[PDB]
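A single chain, nothing else alongside it, follows as structure tokens in the form deposited in one PDB entry.
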């Protein structure tokens, strides 16, 4: 017996992306699954109102304020598909912990750390994982960037490249920080890699995960931005990535190491940079996208794990951890 509750939408800027991910999950999940939608105002939509909001691909306003009058006892596993702030950062996970329900994905600590680009880089750099030079900037404080431009300026909690700017001159740093501070109280300034190759590898499992084949994203835009990520045809995924044999194994080893160190459960898509033959871990995404242009399902599809089997194992991993 297995009935899954899928939660999508959310208040983060990735609201629309989350509903697209729900479309992909509902299409392939092998269990009976009900949808609950968190509207952009924080109020919940249940039942047919959730499926109606899914068809509209956007839910500006909801019905039930948090916590929702949801019949939690009717479900055996909860699948949070809320990308970004207040969904991927441990907040919703904390609610599901007190609720006692098994849930898909990383716990509170792993979700919060992987969503903070500054904190995650601190842990990974200390563990010996190569990362791009970076600094954190708090809103209202003067930035101090001890390396030469170009820069990449990001909200610390961002997803889908929202609020990210490529900064070529010092005079454009203030405008990029102001854009980033619209989405977070803390920003990161990273040294831009130019040129750069972008590699991605999926991980499946609890703490000790298994790695998918390594995929490489190619595009013609200035960088892998929001339009390039979710417009069909803009991004190509080369799988397996054209890498020298030792490099593919190194990417997979670094991903599983970061996965274990951070204590991630369920799943993660680990992104990498390849510049001048050197590897850098970009970030970990504990709730990767499942949109028609998303890469996580395609990484494991090339690894022999079909889309329904991938979702089956995610739900299965949630119960395995719940039973210790």
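Residue numbers count along the first chain shown, from 1.
Checking the other compared PDB entries, only those that cover the residues flanking it, does residue 178 lack coordinates in at least one third? No.
Answer yes if residue 233 is missing coordinates in at least a third of the other compared entries, and no if every one of them models it. Residue 233: unmodelled in at least a third of the other compared entries.
Mean CA temperature factor from the deposited coordinates, higher in 265 to 273 or in 59 to 67? Per the PDB entry, the higher value belongs to 59 to 67.
Check the entry's C-alpha temperature factors for 73 to 81 and 240 to 248, then say which stretch has the higher mean. Per the PDB entry, the higher value belongs to 240 to 248.
Tell me, please, which of 131, 180, 108, 127 has the highest C-alpha B factor according to the deposited entry? Across 131, 180, 108, 127, the entry lists the biggest C-alpha B-factor for 127.
Whose CA atom has the top B-factor in the entry, of 90, 163, 233, 202? Answer for 90, 163, 233, 202: 233, with the highest C-alpha B-factor.
Taking the values exactly as deposited, rank residue 169 by C-alpha B-factor within its chain and report the matching third: lowest, middle or highest. Residue 169: CA B-factor falls in the highest third of its chain.
Within-chain third of residue 282 by Cα B-factor, per the entry: Within its chain, residue 282 is a lowest-third residue by C-alpha B-factor, going by the deposited values.
Residue 135 by Cα B-factor - lowest, middle or highest third of the modelled chain: It belongs to the lowest third of the chain when residues are ordered by C-alpha B-factor.
Mind checking which third residue 116 falls in for C-alpha B-factor across the chain? Tercile = lowest for this residue's CA B-factor.
Could you tell me which third, lowest, middle or highest, the C-alpha B-factor of residue 23 occupies within its chain? Ranked within chain, residue 23 CA B lands in the highest tercile.
Note that the form deposited in another entry isn't included here; everything after this is about it.
Check whether residue 5 and residue 101 fall in the same rigid part when the chain is split into two rigid parts between the shown form and the other one. Note: residue 5 and residue 101 co-assigned to one rigid part.
I want to verify one pair: residue 204 and residue 292. Are their C-alpha atoms nearer or more distant in the other form compared with the form I supplied, knowing the change is 3 Å or more? It is closer: the C-alpha separation of residue 204 and residue 292 falls by at least 3 Å in the other form.
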